[PDB]
>>> print(open('my_file_17.pdb').read())   # PDB, C-alpha atoms and all ligand atoms
ATOM      1  CA  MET A   1       0.000   0.000   0.000
ATOM      2  CA  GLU A   2       2.983   2.392   0.355
ATOM      3  CA  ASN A   3       2.870   2.434  -3.492
ATOM      4  CA  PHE A   4      -0.481   4.382  -3.382
ATOM      5  CA  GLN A   5      -1.478   7.937  -2.532
ATOM      6  CA  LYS A   6      -5.185   8.302  -1.566
ATOM      7  CA  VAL A   7      -6.820  11.152  -3.572
ATOM      8  CA  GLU A   8     -10.505  11.096  -2.458
ATOM      9  CA  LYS A   9     -13.036   8.732  -0.889
ATOM     10  CA  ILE A  10     -15.208   7.266  -3.691
ATOM     11  CA  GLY A  11     -17.614   5.770  -1.172
ATOM     12  CA  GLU A  12     -18.407   2.896   1.171
ATOM     13  CA  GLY A  13     -19.002  -0.439  -0.517
ATOM     14  CA  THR A  14     -20.590  -3.625   0.848
ATOM     15  CA  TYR A  15     -17.171  -4.969   1.981
ATOM     16  CA  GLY A  16     -15.281  -1.771   2.843
ATOM     17  CA  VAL A  17     -14.130   1.726   1.849
ATOM     18  CA  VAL A  18     -13.341   2.624  -1.796
ATOM     19  CA  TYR A  19     -10.743   5.319  -2.515
ATOM     20  CA  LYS A  20      -9.584   6.999  -5.685
ATOM     21  CA  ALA A  21      -5.757   6.668  -5.517
ATOM     22  CA  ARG A  22      -2.538   7.258  -7.461
ATOM     23  CA  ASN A  23       0.030   4.464  -7.998
ATOM     24  CA  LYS A  24       3.362   6.178  -7.038
ATOM     25  CA  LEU A  25       5.441   4.108  -9.550
ATOM     26  CA  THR A  26       3.307   4.059 -12.761
ATOM     27  CA  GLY A  27       1.372   7.313 -12.185
ATOM     28  CA  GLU A  28      -1.822   5.225 -12.687
ATOM     29  CA  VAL A  29      -5.091   6.514 -11.122
ATOM     30  CA  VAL A  30      -7.048   3.561  -9.725
ATOM     31  CA  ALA A  31      -9.945   2.706  -7.367
ATOM     32  CA  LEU A  32      -8.691   0.940  -4.232
ATOM     33  CA  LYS A  33     -11.144  -1.260  -2.232
ATOM     34  CA  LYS A  34     -10.106  -2.129   1.349
ATOM     35  CA  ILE A  35     -11.823  -5.461   2.325
ATOM     36  CA  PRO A  45      -9.552 -16.777   4.278
ATOM     37  CA  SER A  46      -7.555 -18.689   1.600
ATOM     38  CA  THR A  47     -10.634 -19.687  -0.516
ATOM     39  CA  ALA A  48     -11.344 -15.940  -0.922
ATOM     40  CA  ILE A  49      -7.707 -15.382  -2.129
ATOM     41  CA  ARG A  50      -8.066 -18.111  -4.802
ATOM     42  CA  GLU A  51     -11.554 -17.008  -6.005
ATOM     43  CA  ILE A  52     -10.466 -13.336  -6.194
ATOM     44  CA  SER A  53      -7.314 -14.364  -8.116
ATOM     45  CA  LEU A  54      -9.564 -16.148 -10.713
ATOM     46  CA  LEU A  55     -11.415 -12.794 -11.211
ATOM     47  CA  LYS A  56      -8.128 -11.169 -12.403
ATOM     48  CA  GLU A  57      -8.409 -13.358 -15.545
ATOM     49  CA  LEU A  58     -12.113 -12.524 -16.229
ATOM     50  CA  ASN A  59     -11.320  -9.616 -18.598
ATOM     51  CA  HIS A  60     -13.881  -7.972 -20.867
ATOM     52  CA  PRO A  61     -14.404  -4.348 -22.078
ATOM     53  CA  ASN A  62     -17.700  -4.171 -20.134
ATOM     54  CA  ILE A  63     -16.174  -5.466 -16.894
ATOM     55  CA  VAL A  64     -14.286  -3.056 -14.602
ATOM     56  CA  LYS A  65     -10.709  -4.393 -14.698
ATOM     57  CA  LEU A  66      -9.328  -5.999 -11.533
ATOM     58  CA  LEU A  67      -5.690  -4.807 -11.802
ATOM     59  CA  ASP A  68      -4.324  -6.416  -8.640
ATOM     60  CA  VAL A  69      -5.096  -8.240  -5.408
ATOM     61  CA  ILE A  70      -2.943  -7.237  -2.384
ATOM     62  CA  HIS A  71      -3.114  -9.298   0.858
ATOM     63  CA  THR A  72      -1.131  -7.699   3.759
ATOM     64  CA  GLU A  73      -1.618  -7.604   7.604
ATOM     65  CA  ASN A  74      -5.010  -9.516   7.435
ATOM     66  CA  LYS A  75      -6.347  -6.677   5.198
ATOM     67  CA  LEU A  76      -7.228  -7.377   1.580
ATOM     68  CA  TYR A  77      -6.879  -4.618  -1.048
ATOM     69  CA  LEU A  78      -8.419  -4.822  -4.484
ATOM     70  CA  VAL A  79      -6.984  -2.468  -7.141
ATOM     71  CA  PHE A  80      -9.450  -1.637  -9.917
ATOM     72  CA  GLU A  81      -9.602   0.425 -13.066
ATOM     73  CA  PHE A  82     -11.101   3.860 -12.206
ATOM     74  CA  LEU A  83     -14.131   5.349 -13.980
ATOM     75  CA  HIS A  84     -15.422   8.814 -13.218
ATOM     76  CA  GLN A  85     -19.112   8.214 -12.738
ATOM     77  CA  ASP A  86     -21.613   5.504 -11.688
ATOM     78  CA  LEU A  87     -25.088   4.971 -13.216
ATOM     79  CA  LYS A  88     -26.879   5.868  -9.939
ATOM     80  CA  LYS A  89     -25.405   9.379  -9.937
ATOM     81  CA  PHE A  90     -25.989   9.628 -13.740
ATOM     82  CA  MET A  91     -29.670   8.657 -13.324
ATOM     83  CA  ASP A  92     -30.052  11.251 -10.522
ATOM     84  CA  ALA A  93     -28.362  13.933 -12.766
ATOM     85  CA  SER A  94     -30.712  12.956 -15.698
ATOM     86  CA  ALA A  95     -33.941  12.906 -13.532
ATOM     87  CA  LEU A  96     -35.548  16.075 -15.040
ATOM     88  CA  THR A  97     -35.056  15.075 -18.705
ATOM     89  CA  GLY A  98     -34.569  11.277 -18.626
ATOM     90  CA  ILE A  99     -31.703   9.326 -20.166
ATOM     91  CA  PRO A 100     -32.300   9.350 -23.996
ATOM     92  CA  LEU A 101     -33.712   5.976 -25.238
ATOM     93  CA  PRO A 102     -30.724   5.333 -27.641
ATOM     94  CA  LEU A 103     -28.331   5.701 -24.647
ATOM     95  CA  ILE A 104     -30.501   3.427 -22.443
ATOM     96  CA  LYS A 105     -30.489   0.872 -25.288
ATOM     97  CA  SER A 106     -26.677   1.116 -25.737
ATOM     98  CA  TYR A 107     -26.090   0.694 -21.981
ATOM     99  CA  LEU A 108     -28.464  -2.317 -21.734
ATOM    100  CA  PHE A 109     -26.781  -3.913 -24.832
ATOM    101  CA  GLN A 110     -23.273  -3.418 -23.359
ATOM    102  CA  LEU A 111     -24.323  -4.753 -19.914
ATOM    103  CA  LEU A 112     -25.846  -7.819 -21.606
ATOM    104  CA  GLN A 113     -22.516  -8.344 -23.449
ATOM    105  CA  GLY A 114     -20.646  -8.221 -20.090
ATOM    106  CA  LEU A 115     -23.131 -10.624 -18.509
ATOM    107  CA  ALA A 116     -23.004 -13.038 -21.492
ATOM    108  CA  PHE A 117     -19.186 -13.133 -21.070
ATOM    109  CA  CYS A 118     -19.138 -13.737 -17.277
ATOM    110  CA  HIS A 119     -22.071 -16.215 -17.463
ATOM    111  CA  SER A 120     -20.220 -18.209 -20.223
ATOM    112  CA  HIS A 121     -17.410 -18.623 -17.610
ATOM    113  CA  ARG A 122     -20.021 -19.658 -14.935
ATOM    114  CA  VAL A 123     -19.391 -16.443 -12.959
ATOM    115  CA  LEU A 124     -22.379 -14.623 -11.449
ATOM    116  CA  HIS A 125     -22.497 -11.034 -10.152
ATOM    117  CA  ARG A 126     -25.378 -11.644  -7.635
ATOM    118  CA  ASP A 127     -25.608  -7.961  -6.588
ATOM    119  CA  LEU A 128     -26.122  -5.781  -9.673
ATOM    120  CA  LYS A 129     -27.392  -2.283  -8.916
ATOM    121  CA  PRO A 130     -26.927   1.157 -10.538
ATOM    122  CA  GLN A 131     -24.148   2.038  -8.009
ATOM    123  CA  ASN A 132     -21.912  -0.734  -9.372
ATOM    124  CA  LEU A 133     -22.441   0.168 -13.076
ATOM    125  CA  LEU A 134     -19.682   2.594 -14.091
ATOM    126  CA  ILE A 135     -19.635   4.885 -17.059
ATOM    127  CA  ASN A 136     -17.088   6.900 -19.051
ATOM    128  CA  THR A 137     -17.105   9.868 -21.503
ATOM    129  CA  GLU A 138     -16.829   7.522 -24.546
ATOM    130  CA  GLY A 139     -20.226   5.925 -24.012
ATOM    131  CA  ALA A 140     -19.028   2.728 -22.322
ATOM    132  CA  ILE A 141     -20.709   1.134 -19.305
ATOM    133  CA  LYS A 142     -18.990  -1.499 -17.174
ATOM    134  CA  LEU A 143     -20.010  -3.941 -14.416
ATOM    135  CA  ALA A 144     -18.104  -3.465 -11.119
ATOM    136  CA  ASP A 145     -17.727  -5.990  -8.201
ATOM    137  CA  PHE A 146     -18.231  -9.020 -10.471
ATOM    138  CA  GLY A 147     -17.755 -12.273  -8.517
ATOM    139  CA  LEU A 148     -17.102 -10.608  -5.106
ATOM    140  CA  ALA A 149     -20.407 -11.948  -3.606
ATOM    141  CA  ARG A 150     -19.193 -15.559  -4.072
ATOM    142  CA  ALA A 151     -15.820 -14.486  -2.554
ATOM    143  CA  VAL A 163     -28.403  -1.113   4.599
ATOM    144  CA  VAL A 164     -27.811  -3.411   1.587
ATOM    145  CA  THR A 165     -30.427  -2.613  -1.096
ATOM    146  CA  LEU A 166     -32.985  -5.260  -1.943
ATOM    147  CA  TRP A 167     -34.521  -3.438  -4.937
ATOM    148  CA  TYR A 168     -32.783  -5.545  -7.566
ATOM    149  CA  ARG A 169     -32.936  -8.940  -5.839
ATOM    150  CA  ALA A 170     -34.450 -11.836  -7.855
ATOM    151  CA  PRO A 171     -37.592 -13.557  -6.393
ATOM    152  CA  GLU A 172     -35.866 -16.943  -6.129
ATOM    153  CA  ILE A 173     -33.304 -15.361  -3.733
ATOM    154  CA  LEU A 174     -36.111 -13.742  -1.664
ATOM    155  CA  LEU A 175     -37.908 -17.140  -1.548
ATOM    156  CA  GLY A 176     -34.804 -18.840  -0.125
ATOM    157  CA  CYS A 177     -33.260 -20.664  -3.125
ATOM    158  CA  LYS A 178     -29.747 -21.566  -1.975
ATOM    159  CA  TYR A 179     -28.435 -22.576  -5.453
ATOM    160  CA  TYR A 180     -29.451 -19.699  -7.667
ATOM    161  CA  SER A 181     -28.355 -19.291 -11.290
ATOM    162  CA  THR A 182     -27.106 -16.690 -13.795
ATOM    163  CA  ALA A 183     -30.802 -15.700 -14.161
ATOM    164  CA  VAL A 184     -30.500 -13.645 -10.948
ATOM    165  CA  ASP A 185     -28.341 -11.097 -12.864
ATOM    166  CA  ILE A 186     -30.839 -10.869 -15.725
ATOM    167  CA  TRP A 187     -33.589 -10.051 -13.171
ATOM    168  CA  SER A 188     -31.399  -7.297 -11.618
ATOM    169  CA  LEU A 189     -30.617  -5.836 -15.074
ATOM    170  CA  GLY A 190     -34.319  -5.901 -16.024
ATOM    171  CA  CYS A 191     -35.074  -3.868 -12.860
ATOM    172  CA  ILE A 192     -32.332  -1.387 -13.824
ATOM    173  CA  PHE A 193     -33.591  -1.150 -17.453
ATOM    174  CA  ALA A 194     -37.136  -0.292 -16.151
ATOM    175  CA  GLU A 195     -35.651   2.327 -13.784
ATOM    176  CA  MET A 196     -33.659   4.033 -16.629
ATOM    177  CA  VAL A 197     -36.860   4.251 -18.693
ATOM    178  CA  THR A 198     -39.287   5.468 -16.003
ATOM    179  CA  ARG A 199     -36.900   7.427 -13.742
ATOM    180  CA  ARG A 200     -38.194   5.576 -10.664
ATOM    181  CA  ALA A 201     -37.063   2.302  -9.084
ATOM    182  CA  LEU A 202     -39.296  -0.577 -10.214
ATOM    183  CA  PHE A 203     -39.536  -2.409  -6.834
ATOM    184  CA  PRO A 204     -38.178  -0.195  -4.011
ATOM    185  CA  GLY A 205     -38.689  -2.630  -1.099
ATOM    186  CA  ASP A 206     -37.502  -1.691   2.364
ATOM    187  CA  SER A 207     -37.656  -5.218   3.863
ATOM    188  CA  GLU A 208     -37.618  -8.707   2.385
ATOM    189  CA  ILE A 209     -41.390  -9.081   2.601
ATOM    190  CA  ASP A 210     -41.992  -5.565   1.249
ATOM    191  CA  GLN A 211     -39.660  -6.407  -1.659
ATOM    192  CA  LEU A 212     -41.445  -9.685  -2.406
ATOM    193  CA  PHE A 213     -44.940  -8.139  -2.104
ATOM    194  CA  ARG A 214     -43.993  -5.225  -4.388
ATOM    195  CA  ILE A 215     -42.902  -7.756  -7.024
ATOM    196  CA  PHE A 216     -46.197  -9.713  -6.511
ATOM    197  CA  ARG A 217     -48.336  -6.574  -6.779
ATOM    198  CA  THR A 218     -46.922  -5.776 -10.212
ATOM    199  CA  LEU A 219     -46.232  -9.220 -11.759
ATOM    200  CA  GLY A 220     -48.980 -11.183  -9.918
ATOM    201  CA  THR A 221     -48.482 -13.591  -7.008
ATOM    202  CA  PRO A 222     -46.561 -16.566  -8.538
ATOM    203  CA  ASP A 223     -48.178 -19.976  -8.589
ATOM    204  CA  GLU A 224     -47.453 -23.443  -9.962
ATOM    205  CA  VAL A 225     -48.807 -22.418 -13.350
ATOM    206  CA  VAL A 226     -46.223 -19.671 -14.065
ATOM    207  CA  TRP A 227     -43.448 -21.064 -11.838
ATOM    208  CA  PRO A 228     -43.437 -24.872 -11.327
ATOM    209  CA  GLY A 229     -41.898 -25.665  -7.947
ATOM    210  CA  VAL A 230     -42.594 -22.169  -6.470
ATOM    211  CA  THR A 231     -44.915 -23.461  -3.670
ATOM    212  CA  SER A 232     -42.145 -25.805  -2.446
ATOM    213  CA  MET A 233     -39.527 -23.050  -2.004
ATOM    214  CA  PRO A 234     -38.062 -22.555   1.491
ATOM    215  CA  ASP A 235     -39.680 -19.189   2.251
ATOM    216  CA  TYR A 236     -42.844 -19.656   0.228
ATOM    217  CA  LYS A 237     -46.020 -19.321   2.342
ATOM    218  CA  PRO A 238     -49.506 -20.415   1.166
ATOM    219  CA  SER A 239     -50.765 -17.409   3.185
ATOM    220  CA  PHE A 240     -49.137 -14.951   0.702
ATOM    221  CA  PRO A 241     -51.850 -12.605  -0.647
ATOM    222  CA  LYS A 242     -52.901 -13.332  -4.227
ATOM    223  CA  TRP A 243     -52.535 -10.244  -6.452
ATOM    224  CA  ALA A 244     -53.380 -10.079 -10.185
ATOM    225  CA  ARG A 245     -50.614  -9.287 -12.743
ATOM    226  CA  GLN A 246     -50.368  -5.769 -14.312
ATOM    227  CA  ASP A 247     -49.784  -4.944 -18.039
ATOM    228  CA  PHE A 248     -46.261  -3.748 -18.854
ATOM    229  CA  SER A 249     -47.849  -0.894 -20.788
ATOM    230  CA  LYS A 250     -48.857   0.460 -17.282
ATOM    231  CA  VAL A 251     -45.490  -0.480 -15.683
ATOM    232  CA  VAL A 252     -42.952   1.041 -18.127
ATOM    233  CA  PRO A 253     -44.604   3.758 -20.285
ATOM    234  CA  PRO A 254     -43.432   5.064 -22.845
ATOM    235  CA  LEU A 255     -41.276   2.006 -23.691
ATOM    236  CA  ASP A 256     -42.126   0.473 -27.092
ATOM    237  CA  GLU A 257     -43.364  -3.107 -27.695
ATOM    238  CA  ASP A 258     -39.861  -4.430 -28.402
ATOM    239  CA  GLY A 259     -38.560  -3.037 -25.091
ATOM    240  CA  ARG A 260     -41.641  -4.210 -23.130
ATOM    241  CA  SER A 261     -41.345  -7.742 -24.646
ATOM    242  CA  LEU A 262     -37.643  -7.932 -23.749
ATOM    243  CA  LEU A 263     -38.262  -6.591 -20.214
ATOM    244  CA  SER A 264     -41.065  -9.165 -19.703
ATOM    245  CA  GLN A 265     -38.655 -11.954 -20.629
ATOM    246  CA  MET A 266     -35.981 -10.577 -18.230
ATOM    247  CA  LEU A 267     -38.657 -10.492 -15.468
ATOM    248  CA  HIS A 268     -40.086 -14.048 -15.854
ATOM    249  CA  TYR A 269     -40.635 -15.628 -12.440
ATOM    250  CA  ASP A 270     -39.284 -19.058 -13.356
ATOM    251  CA  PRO A 271     -35.443 -18.675 -13.607
ATOM    252  CA  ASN A 272     -35.528 -21.387 -16.279
ATOM    253  CA  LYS A 273     -37.934 -19.383 -18.487
ATOM    254  CA  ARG A 274     -36.035 -16.074 -17.878
ATOM    255  CA  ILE A 275     -34.097 -14.953 -21.013
ATOM    256  CA  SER A 276     -30.325 -15.539 -21.026
ATOM    257  CA  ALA A 277     -27.933 -12.638 -21.705
ATOM    258  CA  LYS A 278     -26.851 -14.315 -25.003
ATOM    259  CA  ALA A 279     -30.494 -14.714 -26.245
ATOM    260  CA  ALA A 280     -31.301 -11.125 -25.101
ATOM    261  CA  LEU A 281     -28.528  -9.760 -27.386
ATOM    262  CA  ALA A 282     -30.459 -11.235 -30.399
ATOM    263  CA  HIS A 283     -33.756  -9.547 -29.360
ATOM    264  CA  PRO A 284     -35.376  -7.262 -31.983
ATOM    265  CA  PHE A 285     -35.088  -4.360 -29.437
ATOM    266  CA  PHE A 286     -31.398  -4.186 -30.414
ATOM    267  CA  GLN A 287     -31.901  -4.046 -34.220
ATOM    268  CA  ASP A 288     -31.193  -0.259 -34.188
ATOM    269  CA  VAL A 289     -28.666  -0.196 -31.330
ATOM    270  CA  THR A 290     -25.973   2.531 -31.524
ATOM    271  CA  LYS A 291     -23.264   3.869 -29.167
ATOM    272  CA  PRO A 292     -24.110   7.522 -28.248
ATOM    273  CA  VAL A 293     -21.845   9.799 -26.156
ATOM    274  CA  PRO A 294     -23.428  10.677 -22.727
ATOM    275  CA  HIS A 295     -23.567  14.238 -21.466
ATOM    276  CA  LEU A 296     -21.072  14.117 -18.537
ATOM    277  CA  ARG A 297     -20.007  16.969 -16.260
ATOM    278  CA  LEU A 298     -17.061  15.851 -14.058
TER     279      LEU A 298
HETATM  280  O1  LIG B 301     -17.348   4.544  -8.209
HETATM  281  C1  LIG B 301     -16.795   5.213  -9.083
HETATM  282  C2  LIG B 301     -17.428   6.538  -9.523
HETATM  283  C3  LIG B 301     -17.070   7.655  -8.558
HETATM  284  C4  LIG B 301     -15.967   8.476  -8.790
HETATM  285  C5  LIG B 301     -15.640   9.501  -7.906
HETATM  286  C6  LIG B 301     -16.463   9.733  -6.805
HETATM  287  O2  LIG B 301     -16.164  10.751  -5.945
HETATM  288  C7  LIG B 301     -16.622  10.391  -4.599
HETATM  289  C8  LIG B 301     -16.909  11.536  -3.609
HETATM  290  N1  LIG B 301     -16.278  12.801  -4.039
HETATM  291  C9  LIG B 301     -16.007  13.614  -2.845
HETATM  292  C10 LIG B 301     -15.932  15.045  -3.384
HETATM  293  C11 LIG B 301     -16.849  15.043  -4.615
HETATM  294  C12 LIG B 301     -17.282  13.581  -4.779
HETATM  295  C13 LIG B 301     -17.581   8.924  -6.587
HETATM  296  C14 LIG B 301     -17.895   7.885  -7.463
HETATM  297  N2  LIG B 301     -15.677   4.856  -9.751
HETATM  298  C15 LIG B 301     -15.009   3.682  -9.608
HETATM  299  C16 LIG B 301     -15.263   2.627  -8.792
HETATM  300  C17 LIG B 301     -14.383   1.689  -9.199
HETATM  301  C18 LIG B 301     -14.088   0.257  -8.704
HETATM  302  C19 LIG B 301     -15.253  -0.669  -8.282
HETATM  303  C20 LIG B 301     -14.289  -0.102  -7.235
HETATM  304  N3  LIG B 301     -13.711   2.143 -10.270
HETATM  305  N4  LIG B 301     -14.095   3.316 -10.510
END
>>> encode(input="my_file_17.pdb", output="structure tokens", more="lines below")
Ligand SMILES: O=C(Cc1ccc(OCCN2CCCC2)cc1)Nc1cc(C2CC2)[nH]n1
Amino acid sequence: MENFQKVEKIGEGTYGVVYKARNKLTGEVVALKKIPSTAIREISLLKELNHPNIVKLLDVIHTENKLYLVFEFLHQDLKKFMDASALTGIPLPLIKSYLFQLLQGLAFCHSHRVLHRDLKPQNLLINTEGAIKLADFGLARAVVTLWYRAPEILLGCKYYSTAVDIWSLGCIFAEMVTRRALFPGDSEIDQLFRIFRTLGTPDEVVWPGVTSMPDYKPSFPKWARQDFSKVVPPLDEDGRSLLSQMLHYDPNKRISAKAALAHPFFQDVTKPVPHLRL
């Protein structure tokens, strides 16, 4: 750590403090996260999971029982960008470009059997060139917001799949379009009931095996499903169809990142430049 000069506090992550810092030898500006042997090995495997839509893990430093993760630095996160764009809304071609790029990043990690598990706007990082990148990939395996949590996790599935990331990204896509969180739960039951109130209480018809899940209760209220036309106006039919497939209850029916990239919604995808004031 004597090789780094702290510049400013980026924020407080799930694991520890994140600083913007300067590497004293290379002159490199990085993000430094201050955090068992199985953790060392899993984190070391993440150093090889390189993709243009994944924030680069430059180095892993284990000293005096403290673990430091050195990452590529980006100037802005999507949460702050969405707040800054609240009055006008993020233009649809930019939303579409960001969703396309995030799906490319997920398709890559998922092809390597690596899940994010905790996607949220705060860990999606953006630059002046129009890129968007996933941060904290694979750290979950190695107040916390529930808004993006998949229903199978809320229902107590211990062995969840890559579909949990598609659910989180669908929630984020809806929030970029409407300028409001889709399911802003403030407890696990409030989160689950908000999902049920919009998508309908799940049953054996739409989700075989749901009633056998660890935290499923037959006493859950039974709410009717709402039309996506009410949920995400003014999104077009291609976007609503894609979002519906990213929000399927059954993780097995939920669209994969690779199949989502082929969706007609992306026929006219482009890579616009965001308006960024740094
Ligand atoms: O999280 C960001 C975006 C960012 C940048 C600078 C910020 O400044 C923070 C507070 N300052 C105090 C005075 C004014 C504002 C805040 C957020 N970037 C990251 C993260 C990572 C790796 C995953 C670890 N890489 N890049």
>>> resolve_selection(input="my_file_17.pdb", expression="the PyMOL selection byres (((not hetatm)) within 10 of (chain B and resi 301))", output="VMD selection string")
chain A and resid 7 to 13 17 to 20 29 to 34 63 to 66 78 to 89 131 to 136 142 to 146 298
>>> residues_around(input="my_file_17.pdb", residues="residue 249 of chain A", least_positions_apart="5", cutoff="8 Å", atoms="all atoms listed in the file", output="VMD selection string")
chain A and resid 254 to 255 260
>>> atom_distance(input="my_file_17.pdb", atom1="atom CA of residue 169 of chain A", atom2="atom CA of residue 257 of chain A")
24.9 Å
>>> residues_around(input="my_file_17.pdb", residues="residue 76 of chain A", least_positions_apart="4", cutoff="12 Å", atoms="all atoms listed in the file", output="PyMOL selection string")
chain A and resi 1+15-17+32-35+45-46+48-49+52-53+68-72+151
>>> closest_atom_pairs(input="my_file_17.pdb", of="segment 192-258 of chain A", to="segment 96-105 of chain A", cutoff="12 Å", atoms="all atoms listed in the file", output="CSV")
residue,atom,partner,partner_atom,distance
A:192,CA,A:104,CA,10.0
A:193,CA,A:104,CA,7.4
A:194,CA,A:104,CA,9.9
A:195,CA,A:104,CA,10.1
A:196,CA,A:104,CA,6.6
A:197,CA,A:99,CA,7.4
A:198,CA,A:98,CA,7.9
A:199,CA,A:98,CA,6.6
A:200,CA,A:98,CA,10.4
A:254,CA,A:101,CA,10.1
A:255,CA,A:101,CA,8.7
A:256,CA,A:101,CA,10.2
A:258,CA,A:105,CA,11.2
>>> resolve_selection(input="my_file_17.pdb", expression="the PyMOL selection byres (((chain A and resi 111) around 9) and not hetatm)", output="PDB file with C-alpha atoms, in the frame of the given file")
ATOM      1  CA  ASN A  62     -17.700  -4.171 -20.134  1.00  0.00           C
ATOM      2  CA  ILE A  63     -16.174  -5.466 -16.894  1.00  0.00           C
ATOM      3  CA  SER A 106     -26.677   1.116 -25.737  1.00  0.00           C
ATOM      4  CA  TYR A 107     -26.090   0.694 -21.981  1.00  0.00           C
ATOM      5  CA  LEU A 108     -28.464  -2.317 -21.734  1.00  0.00           C
ATOM      6  CA  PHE A 109     -26.781  -3.913 -24.832  1.00  0.00           C
ATOM      7  CA  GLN A 110     -23.273  -3.418 -23.359  1.00  0.00           C
ATOM      8  CA  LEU A 112     -25.846  -7.819 -21.606  1.00  0.00           C
ATOM      9  CA  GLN A 113     -22.516  -8.344 -23.449  1.00  0.00           C
ATOM     10  CA  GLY A 114     -20.646  -8.221 -20.090  1.00  0.00           C
ATOM     11  CA  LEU A 115     -23.131 -10.624 -18.509  1.00  0.00           C
ATOM     12  CA  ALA A 116     -23.004 -13.038 -21.492  1.00  0.00           C
ATOM     13  CA  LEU A 133     -22.441   0.168 -13.076  1.00  0.00           C
ATOM     14  CA  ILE A 141     -20.709   1.134 -19.305  1.00  0.00           C
ATOM     15  CA  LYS A 142     -18.990  -1.499 -17.174  1.00  0.00           C
ATOM     16  CA  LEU A 143     -20.010  -3.941 -14.416  1.00  0.00           C
ATOM     17  CA  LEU A 189     -30.617  -5.836 -15.074  1.00  0.00           C
ATOM     18  CA  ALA A 277     -27.933 -12.638 -21.705  1.00  0.00           C
TER      19      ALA A 277
END
>>> build_atoms(input="my_file_17.pdb", residues="segment 97-109 of chain A", atoms="N, CA, C and O atoms", output="short mmCIF file (atom, residue, chain, number, x, y, z; two decimals), in the coordinates of the input")
data_model
loop_
_atom_site.label_atom_id
_atom_site.label_comp_id
_atom_site.auth_asym_id
_atom_site.auth_seq_id
_atom_site.Cartn_x
_atom_site.Cartn_y
_atom_site.Cartn_z
N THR A 97 -34.92 15.30 -17.27
CA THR A 97 -35.06 15.08 -18.70
C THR A 97 -35.22 13.60 -19.12
O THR A 97 -35.82 13.31 -20.15
N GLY A 98 -34.64 12.70 -18.33
CA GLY A 98 -34.57 11.28 -18.63
C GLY A 98 -33.38 10.96 -19.52
O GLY A 98 -32.96 11.78 -20.35
N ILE A 99 -32.80 9.80 -19.33
CA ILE A 99 -31.70 9.33 -20.17
C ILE A 99 -32.29 9.06 -21.57
O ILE A 99 -33.31 8.39 -21.66
N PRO A 100 -31.71 9.61 -22.67
CA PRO A 100 -32.30 9.35 -24.00
C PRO A 100 -32.41 7.85 -24.29
O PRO A 100 -31.46 7.11 -23.97
N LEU A 101 -33.52 7.41 -24.91
CA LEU A 101 -33.71 5.98 -25.24
C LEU A 101 -32.50 5.37 -25.98
O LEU A 101 -32.12 4.25 -25.62
N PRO A 102 -31.86 6.01 -26.99
CA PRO A 102 -30.72 5.33 -27.64
C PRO A 102 -29.56 5.05 -26.68
O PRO A 102 -28.87 4.05 -26.87
N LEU A 103 -29.37 5.91 -25.66
CA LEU A 103 -28.33 5.70 -24.65
C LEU A 103 -28.74 4.57 -23.69
O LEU A 103 -27.91 3.74 -23.33
N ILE A 104 -30.02 4.54 -23.28
CA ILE A 104 -30.50 3.43 -22.44
C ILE A 104 -30.24 2.12 -23.17
O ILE A 104 -29.73 1.15 -22.58
N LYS A 105 -30.60 2.08 -24.47
CA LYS A 105 -30.49 0.87 -25.29
C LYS A 105 -29.02 0.44 -25.41
O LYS A 105 -28.70 -0.74 -25.25
N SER A 106 -28.11 1.40 -25.64
CA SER A 106 -26.68 1.12 -25.74
C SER A 106 -26.16 0.55 -24.41
O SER A 106 -25.40 -0.43 -24.39
N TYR A 107 -26.57 1.16 -23.28
CA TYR A 107 -26.09 0.69 -21.98
C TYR A 107 -26.62 -0.71 -21.71
O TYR A 107 -25.85 -1.56 -21.25
N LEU A 108 -27.92 -0.98 -21.98
CA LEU A 108 -28.46 -2.32 -21.73
C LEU A 108 -27.72 -3.36 -22.61
O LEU A 108 -27.35 -4.44 -22.12
N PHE A 109 -27.49 -3.03 -23.89
CA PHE A 109 -26.78 -3.91 -24.83
C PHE A 109 -25.39 -4.25 -24.31
O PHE A 109 -25.01 -5.42 -24.25
#
